[PDB]
RNA sequence: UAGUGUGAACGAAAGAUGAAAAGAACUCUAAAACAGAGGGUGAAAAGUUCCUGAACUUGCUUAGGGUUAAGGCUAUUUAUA
RNA sequence: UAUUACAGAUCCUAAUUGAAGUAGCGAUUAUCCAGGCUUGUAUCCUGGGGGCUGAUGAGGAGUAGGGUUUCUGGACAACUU
RNA sequence: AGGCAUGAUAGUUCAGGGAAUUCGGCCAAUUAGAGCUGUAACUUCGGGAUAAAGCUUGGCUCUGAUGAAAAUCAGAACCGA
RNA sequence: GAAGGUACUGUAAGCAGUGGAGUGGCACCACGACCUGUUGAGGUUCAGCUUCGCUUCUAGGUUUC
């Protein structure tokens, strides 16, 4: 339905902005059910929510 | 009722010549959907991300020409899939069916 | 005075109302008065406006500053394909006006003429028009009607239409009897013919019905209507521009820059009394697409169209076709043409009806020596360097 | 000038809740405009006879006072 | 009282189902506490700011007039003077 | 016997017309394509392009003021042109 | 979502002339940063003065001086619209 | 879509060179605005330009006498 809760939590867990939190399309059903942070930590260790690299600014 | 494929060039300079300059990429995709519906006589058209990204590559303000493979396909209720063919040069590319 | 200053009127008052004409070709208002006697001799003729060049004439005017000197002069070029006579009308004189005494038609009718009496040709299964083919009714009927034209009708006019001409479909190779044939359109598009009617100014009426029956079901060419050195009136619809402001339409002076609500307007529509806007006042509306005649257009040369020697003049001994290399908005011009001096009304592709002038000049420019040295055939997109393809290979023979 | 822009810096409070009135107690001047606290007498004037009888007895509970009306009904009836 | 003003102060609108809730079960179309249609309750829908339900305005149906802005008065064979 | 007869008072209160499906729907970077959830999304979410803000930032936080606007779940009669 | 005439408004640009426009150079245009020259009448001797008026400015490969210093300043080649 | 049809711009990229003010290194290779060659090349050319080509595509709906 809507994964707005989960990115807000996944930002504070990963130490990031909600810019940077990469989730998946194929496993929306898995992520949608996770309310807690201890649930959403297990999703990070799977590799189903991902921190993502920083966008480039060369010198 | 037939399903089929057609490779076509689509002349996108003449599609957006003298058009509002900030809407030219946005216009360019309405030409493809518009052109495609006419080609396959299909009400609903679908445009792949690979074709879409190729149209926006320069910016909002579009490639002069593009090759596209239109594909009729049921879901009867038959739907067009427009999609990007890569090509080096456009010299001697007539509109042609596929088998 | 009260105006506070004197300045001419803005815009002509005689060309109202400034609106659209739905005529496709130049509708002729009035033909020249018949001399009477002589020969009937047709008057009007249709030509399509193909484009425009310039020409380098060498001038011979006694007692002027251009005596034996060259003079560059713009030239429009109307294409004129040879047009086909079909019908013939009388007009009786009455107290109300001129009223008609029946049109006679030819034996058969070409299907270019049948297009005129439908708006939807492509739908029509029957396509039944002009079913005068029945033998009993048509043969007996004409000789009755041709007798009635001798009795009553003073003025006689000849119905005639433009040749759209015939061709073979796509990839069938042409010049072969099994192939199905079909109407090629004009440089515009159209297969439907422009029908007109043309007054014959030859004396006796009876004499006319010899000439207008001799000419019937035969094509007319331009060379036996107009001649080189003739002053001709060009009748046509001008060039459409849509809606227009008051400044550009009537040519008024625009206001100060400091004006609230902008300056592209006439300021005073009118006085307090009368309590009303006048017909005379300038105003927002249509511009162009107006039906117009223009007088005293010279025709410099008359064409014909493998030698393609028409473009070139007496000098030089190099043959050049009239079309500029590269052909804009028209076509090649493989027909009879007319190099008319100066402008002609309307866009490219427009049907201009030509006409002989109503009364005669006494001006010496009217009876001048034409003598063309040399004509432009450079391309119009945009700056043209080479007159002909032949020049090209010689100038830059090796390319890639 | 004197309208919309100058309404912007209006965040301070001139009047605050008053203990006796509970309603407009002036913080700088320290007086309840409506009731006159802390003057021991309670503020009313005969020019505001309308507004006074909103405040005055009858409006509230009258816990002690209603039972002393009810005695005087019984004694004279 | 609602509500307004920093404040002293200022201050509305809003009554009536029926004798009795007997306040509309259940079914059908529909994505459906949209909206109806069947079927019922009651003497009568009066069906929930529901007794009676006027005028202005509007909708549908029926009937005529219309170049004279429309209306009025008098006269008749009712569209004219 | 009287708070006793209305067309007017730029009258009072209450409701309602034409104008009119007309004026107009502003200001703020820029949207596009495929999926998910659905009767129903350009708009709610995901992914991928293309952009904007461009450290006195529509970033992260506080006085004064507001007072539950915070948070999770369900909901769309109304409101968020 | 689709059109693009006219007009309003915010903008670039306009041959030749150069304030003839207008109550009025209103408006806009020109000028402009830096380095090296060079700076008048008048003056309360401080100012005027950035007076005015001239020139140079890029890219690339180098050389030298001053500092501790990875910086900054001076000078010369060669290059093309 | 094709034209030794026509235009506009002005010599694409990439590669090669006893080309090139010079500097640095090995016992001729690095870095180098730019110039010569491939190259009147490359790009754009109807959207309101012209010629000809079976390459590809062309379906339905309502009143009127």
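Chains as they are written, first to last, in PDB author numbering: chain R, 2 to 60; chain d, 5 to 65, 67 to 80, 85 to 108; chain B, 2 to 306, 311 to 332, 334 to 406; chain j, 2 to 24, 26 to 79.
Every residue, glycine too, gets a C-beta built ideally from N, C-alpha and C.
What are the boundary residues of the alpha helix (DSSP H) that residue i is part of?
| i | result |
| --- | --- |
| residue 45/B | Looking at the DSSP string, residue 45/B is not in any alpha helix (DSSP H), and its letter there is neither H nor E. |
| residue 375/B | First-last for residue 375/B: undefined, no H or E at that position. |
| residue 309/B | Within the gap of chain B, which runs from 306 to 311, lies residue 309/B, and it has no coordinates in the structure. |
| residue 251/B | 247-251 |
| residue 43/d | 28-44 |
| residue 114/B | 112-115 |
| residue 295/B | Where residue 295/B is concerned, there is no enclosing alpha helix (DSSP H), although the beta strand (DSSP E) it sits in stretches over 292-303. |
| residue 25/j | The gap in chain j between 24 and 26 takes in residue 25/j, so it carries no coordinates here. |
| residue 9/R | 5-15 |
| residue 31/R | 29-33 |
| residue 42/R | 38-47 |
| residue 17/d | 16-19 |
Would residue i and residue j qualify as a contact pair, given that the criterion is a beta-carbon distance under 8 Å?
| i | j | result |
| --- | --- | --- |
| residue 227/B | residue 221/B | no |
| residue 362/B | residue 44/B | yes |
| residue 14/d | residue 37/d | no |
| residue 287/B | residue 19/B | yes |
| residue 59/j | residue 67/j | yes |
| residue 87/B | residue 162/B | yes |
| residue 239/B | residue 352/B | yes |
| residue 281/B | residue 14/B | yes |
| residue 57/B | residue 344/B | no |
| residue 96/d | residue 9/d | no |
| residue 246/B | residue 264/B | no |
| residue 165/B | residue 185/B | yes |
| residue 33/R | residue 10/R | no |
| residue 49/R | residue 14/R | no |
| residue 294/B | residue 346/B | no |
| residue 255/B | residue 50/B | no |
| residue 382/B | residue 77/B | no |
| residue 22/R | residue 35/R | no |
| residue 102/B | residue 149/B | yes |
| residue 202/B | residue 41/B | yes |
Report the CB separation of residue i from residue j in whole angstroms; it is logged as a contact under 8 Å.
| i | j | result |
| --- | --- | --- |
| residue 52/B | residue 301/B | That pair is no contact at about 15 Å. |
| residue 17/R | residue 52/R | 6 Å |
| residue 75/d | residue 44/d | 6 Å |
| residue 47/B | residue 21/B | With 8 Å as the limit, residue 47/B and residue 21/B do not qualify as a contact, their Cβ atoms being about 21 Å apart. |
| residue 216/B | residue 359/B | Not quite, the Cβ-Cβ distance comes to about 18 Å (not below 8 Å), so this is no contact. |
| residue 206/B | residue 157/B | 7 Å |
| residue 218/B | residue 107/B | 4 Å |
Starting from the C-beta of residue i, find all residues in its chain whose C-beta is less than 6 Å away, skip the five residues before and the five after it, and write them out in chain order.
| i | result |
| --- | --- |
| residue 6/R | none |
| residue 67/d | 16, 28, 29, 32, 59 |
| residue 118/B | 130 |
| residue 326/B | 313, 316 |
| residue 267/B | 247, 253, 283 |
| residue 85/d | none |
Thinking just about the alpha-carbon of each residue, which of the options is nearest to the one in residue i?
| i | options | result |
| --- | --- | --- |
| residue 54/d | 80/d, 91/d, 63/d | 91/d |
| residue 248/B | 259/B, 12/B, 6/B | 12/B |
| residue 59/B | 272/B, 319/B, 126/B | 319/B |
| residue 349/B | 297/B, 35/B, 368/B, 372/B | 297/B |
| residue 243/B | 289/B, 213/B, 42/B | 289/B |
| residue 39/j | 71/j, 7/j, 27/j, 62/j | 27/j |
Please report the residue range of the beta strand (DSSP E) in which residue i lies.
| i | result |
| --- | --- |
| residue 75/d | 70-79 |
| residue 158/B | 156-162 |
| residue 92/B | 89-94 |
| residue 153/B | Note, residue 153/B: premise wrong, no beta strand (DSSP E); not H, not E. |
Could you check if residue i belongs to the surroundings of the ligand MN, using beta carbon to heavy atom distance under 7 Å?
| i | result |
| --- | --- |
| residue 62/B | You won't find the ligand MN in this model; it holds no ligand whatsoever. |
Quick one: what's got a C-beta closer than 8 Å to residue i's C-beta in the same chain, skipping five residues either side?
| i | result |
| --- | --- |
| residue 384/B | 329, 330, 390, 391, 392, 393 |
| residue 386/B | 52, 329, 331, 334 |
Please list, in chain order, all residues of the same chain as residue i whose beta carbon is under 7 Å from its beta carbon, the five residues on each side excluded.
| i | result |
| --- | --- |
| residue 278/B | 270, 271 |
| residue 78/d | 7, 88, 90 |
| residue 32/j | none |
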